[PDB]
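Below sits a lone chain in structure tokens, taken as the form deposited in one PDB entry.
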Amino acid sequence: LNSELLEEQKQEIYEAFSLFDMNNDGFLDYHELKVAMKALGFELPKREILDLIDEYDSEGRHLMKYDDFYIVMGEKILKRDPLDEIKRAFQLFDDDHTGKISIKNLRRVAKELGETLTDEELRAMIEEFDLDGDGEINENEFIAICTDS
């Protein structure tokens, strides 16, 4: 089970909110909130954001209190399917959008992370997890790397 927010998660909520409280008053307006949710992966159409604001507002201002943000984002975070993150990551490896992570892709990632890996090391990293044998890593293969079963 996972009924509660872990520490990284509570931290993510705080940081995201902090980024957009521009007058530093523990409240976000509609425009600030729109991007705060985008940051967390929770993009909503204009009217749904507004409907959300109206739902947690006692005194008529298009503002959202941090304490409320924390609750709403909190339940959205708990419902997060960890697989979405894996698949999103796959896109980021696959620069050129071929549906596969090739050695040139992986070399770019390594270099970007500042790692120093010889092409043999990179070739061997693919080889061990390349199941169909085409010398590259497809989406399902990547998911298998980032899993336990």
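Shifts are known only where both forms have a C-alpha. Superpose the two forms; the largest set of C-alphas matching within 1.5 Å is the rigid core. In this text, residue numbers run from 1 along the sequence as written.
There is another form of this protein, the form deposited in another entry, and it is not shown here; the text below is about that form.
Colleague: Where among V35, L44, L50, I86 does the Cα move by 2 Å or more between this form and the one not shown after the core is superposed?
Modeller: Single hit from the list, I86.
Colleague: Is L63 one of the residues whose C-alpha moves 2 Å or more between this form and the one not shown after the core fit?
Modeller: Shift of 2 Å or more: no.
Colleague: Superposing on the rigid core, where do three or more consecutive Cα atoms all move 2 Å or more between this form and the one not shown?
Modeller: Flagged stretches (3+ res, CA at least 2 Å): 22 to 25, 80 to 114, 124 to 132, 138 to 145.
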